[PDB]
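Asks: My structure is below; once you've seen it, I'll send some questions.
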Number of protein chains: 2
Amino acid sequence: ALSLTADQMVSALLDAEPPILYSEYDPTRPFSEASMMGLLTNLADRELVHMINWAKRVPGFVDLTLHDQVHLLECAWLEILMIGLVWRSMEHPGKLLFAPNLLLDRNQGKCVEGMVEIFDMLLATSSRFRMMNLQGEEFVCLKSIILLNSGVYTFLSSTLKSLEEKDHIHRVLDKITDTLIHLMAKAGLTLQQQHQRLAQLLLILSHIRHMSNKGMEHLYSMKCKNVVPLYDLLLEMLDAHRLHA
Amino acid sequence: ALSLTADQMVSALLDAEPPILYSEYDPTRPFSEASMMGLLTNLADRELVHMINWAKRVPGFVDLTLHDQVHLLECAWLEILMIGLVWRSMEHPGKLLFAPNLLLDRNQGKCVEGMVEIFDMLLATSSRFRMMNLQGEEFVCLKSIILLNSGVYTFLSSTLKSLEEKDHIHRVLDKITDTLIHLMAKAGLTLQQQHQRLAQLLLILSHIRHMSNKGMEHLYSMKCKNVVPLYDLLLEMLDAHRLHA
Ligand SMILES: C[C@H]1CN(CCOc2ccc([C@@H]3Oc4ccc(O)cc4S[C@@H]3c3ccc(O)cc3)cc2)C[C@@H]1C
Ligand SMILES: C[C@H]1CN(CCOc2ccc([C@@H]3Oc4ccc(O)cc4S[C@@H]3c3ccc(O)cc3)cc2)C[C@@H]1C
């Protein structure tokens, strides 16, 4: 990640992309009888296992301690799901493609109290991506930045080890910045367009943080799931043996 | 703002800086008897009038409709107060300089339920600014970006006028990006350091959004003040006559 080229980061990031999952409900049955939140929650929980997989393939992530890996994912998981959703919704104006067999419009979000507000924010982000003509190569860089950036300011303590971890993370972030600029230059943007586009992309990440924060507030008031704290469940998942090697 | 130079934006932004206010409490009296939240709330309300003043001097802001000006400030006001606080706290490791006569450490935040968590996040941002050696010229650009960026994705409708406003805002944001790159080049950074530093700065804005969101959640559960909705109070303030010209 720190000696990988900009072309190697791009291909590592493309190679690491997770699969597109489907909603799990019987399509031979009516819809009024489905719990929309139940459908969405079940989807999101299944994505989380693939997210851990993906994160381990982001250059530099697994060189972190297990504790720091847990922290970053605990901080970024909803942001990561949401940029993923906005990305596959890009080509579907006015709709969110939760899954290939679960495409919802804003009125379908009114079904859940306080959810249309979140839908509207996601929908607006999807339209901005569309207006910017965001590219697959740029999107994977952005998702990796979310993973590494979102919880890097909240590491508690400040041990020697902790200091080293922070330095490495900021080093990897620098390399993804170099990769985004490289992508843009390749595409034929001027120096000036490059830095402007870089800023445009990075400023969207402030909106994705906003959506995550608002979505956590909204989720935190519902059946959803809050069994076994998230840290411990992430740890479990990340603290793998290497027996099935 | 769209024909202003990078040097003209910088000087307009420096010229527009608001004053540093003091806490209003009798310094000849003990401290256990003060409401810390009362002190902080009174400080923050006094800053808001100066914030409106400042925003009107940001290049491009007053060319927006009154409604859009209200929206952006309603979305960004806590982010703007917080970056301001982290900026004047930079030279005071382990402390937050709320005002020149009100410098608090984390233990002083434990006095309020759930406030130490916010203090710790602000303190960590202040240390990052310090570690990056953030410059006065960079800070004013960043505060202006917060003003223009934070609520630009949440404008409801999408009228012709609305579309025009968005275009102008993104145009002004582009010019502040050009200004930040200009500042960095002047300072002698390489091309590579410039784009890396730009990204480092912009990624901090995602943490400031985080702090604002968490602070609104925390404020929203206390005496504070929620009399007359914020929109109407902002409108009042922004919808000035020009009689005292
Ligand atoms: C991975 C964690 C998620 N599990 C709890 C439920 O989480 C979610 C439930 C539903 C969704 C909602 O559905 C999805 C589904 C997939 C996806 O990639 C994105 C979203 S976003 C949306 C959402 C988010 C926040 C809201 O306030 C409203 C709608 C997203 C997450 C707990 C588990 C540890
Ligand atoms: C401008 C709006 C603010 N008024 C309500 C009270 O708002 C505030 C009250 C206290 C502060 C707290 O004190 C200050 C004071 C000045 C400053 O520049 C920053 C801060 S930050 C801090 C804070 C913020 C959020 C928390 O959860 C905990 C501490 C910041 C804002 C309502 C008014 C319309």
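We number chain B the way Swiss-Prot does; in order, the residues shown are 307-551.
So this one's X-ray crystallography, 1.8 Å, going by the header.
Just so it is clear, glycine is given a Cβ too, placed from its N, Cα and C backbone atoms.
So Swiss-Prot lists the following for this protein:
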| type | residues | note |
| --- | --- | --- |
| BINDING | B:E353, B:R394, B:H524 | 17beta-estradiol binding site |
| DOMAIN | B:311-547 | domain 'NR LBD' |
| LIPID | B:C447 | S-palmitoyl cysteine |
| MOD_RES | B:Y537 | phosphotyrosine |
Asks: For B:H524 (17beta-estradiol binding site), which DSSP three-state class applies?
Replies: helix
Asks: Spatially, which candidate from the binding-site residues B:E353, B:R394, B:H524 is nearest to B:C447 (S-palmitoyl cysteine), comparing Cα atoms?
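Replies: Of the binding-site residues B:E353, B:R394, B:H524, B:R394 has its Cα closest to that of B:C447 (S-palmitoyl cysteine).
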Asks: Sort B:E353 (17beta-estradiol binding site) into helix, strand or coil using the DSSP assignment.
Replies: helix
Asks: Which recorded positions from the set B:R394, B:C447, B:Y537 have a C-beta atom lying less than 6 Å away from ligand 2?
Replies: none
Asks: For B:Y537 (phosphotyrosine), which of the three DSSP-derived states applies: helix, strand, or coil?
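Replies: The three-state answer is helix.
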Asks: Tell me the Cβ neighbour count for B:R394 (17beta-estradiol binding site), meaning other Cβ atoms within 10 Å of its Cβ, over all protein chains shown.
Replies: 17
Asks: Which number gives the other C-beta atoms within 10 angstroms of the C-beta of the residue listed as 'S-palmitoyl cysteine', all protein chains shown included?
Replies: 22
Asks: Return the member of B:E353, B:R394, B:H524 nearest to the residue listed as 'phosphotyrosine' in space, with distance defined Cα to Cα and candidates limited to these binding-site residues.
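Replies: Minimum Cα distance from the residue listed as 'phosphotyrosine' across B:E353, B:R394, B:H524 lands on B:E353.
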Asks: Work through the binding-site residues one by one (B:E353, B:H524) and point out the residue whose CB has the fewest other CB atoms within 10 angstroms.
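Replies: Counting other Cβ atoms within 10 Å of each of the binding-site residues B:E353, B:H524, the minimum falls on B:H524.
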Asks: Tell me, by DSSP, whether B:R394 (17beta-estradiol binding site) is helix, strand or coil?
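Replies: B:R394 (17beta-estradiol binding site) sits in a helix per DSSP.
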